[PDB]
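Colleague:
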């Protein structure tokens with residue numbers, strides 16, 4: 001039930017993440033770490049939510065996968 005498929009298809013999902021969250025910079029996504037915790041980091045960097053709120057939206061994107 002718990003698997004980070006985001007880090008696997010990261011450089012592919014980048015465009016879909018930029019589509020999902022327009023405020024997220026593709027260049028910032030297409031960097032390094034990739035895995036879920038990096039989405040949270042960029043969500044904090046760009047937006048600035050609570051990690052729990054970030055988790056929810058990240059898993060929302062994971063649901064779309």
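Numbering (the authors' numbering), first residue to last: 1 to 65. Beta carbons are placed, not taken as given, at the ideal position from N, Cα and C, and that holds for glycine.
With a 10 Å radius around its C-beta and 16 neighbouring C-beta atoms as the bar for buried, classify residue 43 as buried or exposed.
Modeller: Sequence index remark: in the chain shown, residue 43 carries index 43 (1-based). By the 10 Å Cβ count, residue 43 comes out buried.
Colleague: Using only CA atoms, which one of 12, 31, 35, 11 lies nearest to residue 4?
Modeller: In the chain shown, counting from the first residue as 1, residue 4 sits at position 4. Among 12, 31, 35, 11, the Cα nearest to that of residue 4 belongs to 35.
Colleague: Expressed to the nearest angstrom, what Euclidean distance is found between the alpha-carbon atoms of residue 25 and residue 39?
Modeller: Translated into the one-based positions of the chain shown, residue 25 becomes position 25. Translated into the one-based positions of the chain shown, residue 39 becomes position 39. Distance between the alpha carbons of residue 25 and residue 39 is about 11 angstroms.
Colleague: Look at residue 16 and residue 30 and say whether their C-beta atoms are less than 8 angstroms apart.
Modeller: Along the chain shown, read from residue 1 onward, the residue named residue 16 stands at position 16. Along the chain shown, read from residue 1 onward, the residue named residue 30 stands at position 30. No, the pair does not count as a contact, with Cβ atoms beyond the cut-off.
Colleague: Run the CB neighbour count on residue 54, radius 10 Å, all protein chains shown included, and call it buried at 16 or more, exposed below.
Modeller: As a first step, residue 54 must be located in the chain shown, where it is residue number 54. Residue 54 should be labelled buried.
Colleague: Taking the beta carbon of residue 65 as the centre, do at least 16 other beta carbons fall within 10 Å, making it buried, or is it exposed?
Modeller: One-based indexing of the chain shown puts residue 65 at position 65. That one is exposed.
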